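Shown here is one chain on its own, the form deposited without its partner chain, set out as structure tokens.
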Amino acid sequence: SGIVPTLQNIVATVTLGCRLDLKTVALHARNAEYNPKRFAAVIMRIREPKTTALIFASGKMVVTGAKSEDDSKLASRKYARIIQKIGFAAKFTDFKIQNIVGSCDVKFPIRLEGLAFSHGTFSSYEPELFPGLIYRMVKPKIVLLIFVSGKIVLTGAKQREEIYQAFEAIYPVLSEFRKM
């Protein structure tokens, strides 16, 4: 194709490795939420840059909502220094970028019915229970959601080259399955 898919959600996980308490993190931060019946962990949100915070008492840190991979690294660093200035010891090891989410538009509709009938083992479409079409090729572990409009969103990636190679790999079949 040629267009870079715009990265939307960069979900990563960093280990902290320490004994924490929930009331002190819930009270010594800003814009946090704790509902005990839903989770035994405190939820929080940071506006600059936007990333939803997910704090565990076992020394675990889950970042979501970063705009890029370097944004996720600096967000995990910010959360780490938040944990250091409240009074515990946070570190920056085992940076696991388990989810990379990117979106773009091909600007042309794609005929879902043709990809459902030609690739019935690869896809399945029903109009009232799932408007999106699922596609899974074999060289990455990847789930695809091509839409009627032609919207293409990728998720579950570890590096953005996977979304690039999978977009250039799915571009031929939607390129021979145009619609107006």
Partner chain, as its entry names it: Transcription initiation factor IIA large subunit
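So that the term is clear: the rigid core is the largest set of C-alpha atoms that superpose within 1.5 Å between two forms. Numbering follows the first chain given and starts at 1.
Absent from the display: the form deposited with its partner chain bound. The rest refers to it.
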Practice task
Kindly indicate whether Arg30, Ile46 and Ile82 are, all three, within 4.5 angstroms of its partner chain in the deposited bound form, using heavy atoms.
Solution key: yes
Problem - Heavy atom of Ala89 within 4.5 Å of its partner chain in the deposited bound form - result: no
Practice task
Flag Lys50 as yes or no: does it have a non-hydrogen atom within 4.5 angstroms of any non-hydrogen atom of its partner chain in the deposited bound form?
Solution key: yes
Exercise for the section: Choose from 110 to 118, 145 to 153, 38 to 46, 59 to 67 the stretch whose residues reach within 4.5 Å of its partner chain in the deposited bound form, heavy atoms counted. Expected result: 38 to 46
Exercise for the section: Scan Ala90, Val106, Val101, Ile97 for the one whose CA shifts by 2 Å or more between the shown form and the other one after superposing the rigid core, and name it. Expected result: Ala90
